[PDB]
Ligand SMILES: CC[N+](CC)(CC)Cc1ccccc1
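In the block that follows, a single chain appears as structure tokens, in the form deposited without this ligand.
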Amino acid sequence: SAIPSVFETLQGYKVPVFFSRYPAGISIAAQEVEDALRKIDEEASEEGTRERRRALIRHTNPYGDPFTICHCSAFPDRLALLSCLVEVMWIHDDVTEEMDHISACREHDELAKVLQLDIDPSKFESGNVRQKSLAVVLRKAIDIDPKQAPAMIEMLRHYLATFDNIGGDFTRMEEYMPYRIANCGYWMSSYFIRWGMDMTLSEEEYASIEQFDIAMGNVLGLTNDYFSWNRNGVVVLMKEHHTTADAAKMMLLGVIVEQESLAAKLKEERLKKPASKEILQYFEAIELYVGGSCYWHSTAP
């Protein structure tokens, strides 16, 4: 392994519904991270709201938390920070999903006011609870790695500017899939996969695995669609191919498994050339992220 020993391996074969070829693990700091996530949930969502209820369901899987599993490769102190930061973005996603597109877009722009390198959380006490909570955890995530903070902020601003920026329904996967990689948060989550390991890829290194990284982003979001069906690839496929929902769900599963195979082919292609420890760490950590996401969805009640 190229990753520090900060996770335990999970036995995915024991879960019948778990179909991914990729591994799953869980962070040695799971308890502390779950505790941090409970705290941020009580501060970033108001009591009795829908978003508060959706946050609590997200953190009550008996088999583990989405953050402690998917981001099990991260150093524990970074894991606590990135988990709580992404959690505020997830609360925000739940809040804005129930909004008309105009109001959602305004809410994304309001939250993005907090995304500043010089953020002073005290200047947002008059703001909504997601602004206040994001500001506090973003401050800490800047402090722990100031060298990476400009890139982090750029990634977060680009996420809020683009992840939701669509006018209506899709009718072909060729258009839905690039949208869905961004919409499921993969570019933010995979950024924090690297950040949580205190590492980066060079421009040349990232370019060399970009197709791999798109295939894994497809797996992540489309697997999210597959389990949620119990905006969705099942509907896109039904419309594109004029089939029943059961036929389209089976097609979606086939698409996911082929993307998992494609990622494995692209990784094998890259590993024919010399690969830095950073390239090897990202491969290992992003496979745990994707396999872990499949595991979490496969066990979540």
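The first residue of the sequence shown is number 1, and the count goes up from there.
The same protein also has a form deposited with this ligand bound, omitted here; what follows describes it.
- The stretch that touches this ligand in the entry with it bound, counting heavy atoms within 4.5 Å, is 184-192, out of 113-121, 184-192, 128-136, 72-80.
- At a distance threshold of 4.5 angstroms between non-hydrogen atoms, residue 282 is out of contact with this ligand in the entry with it bound.
- Looking at residue 224, you'd find a heavy atom of it within 4.5 angstroms of this ligand in the entry with it bound.
- When this ligand is considered in the entry with it bound, residue 212 lies well away from it, no heavy atom lying within 4.5 Å.
- Not displayed here, this ligand is kept clear of residue 170 by more than 4.5 Å at the level of heavy atoms in the entry with it bound.
- Checking 86, 197, 141, 216 against this ligand in the entry with it bound, a heavy atom within 4.5 Å turns up for just one residue: 86.
- For the three residues 90, 93 and 159, a heavy atom within 4.5 Å of this ligand turns up in the entry with it bound in every case.
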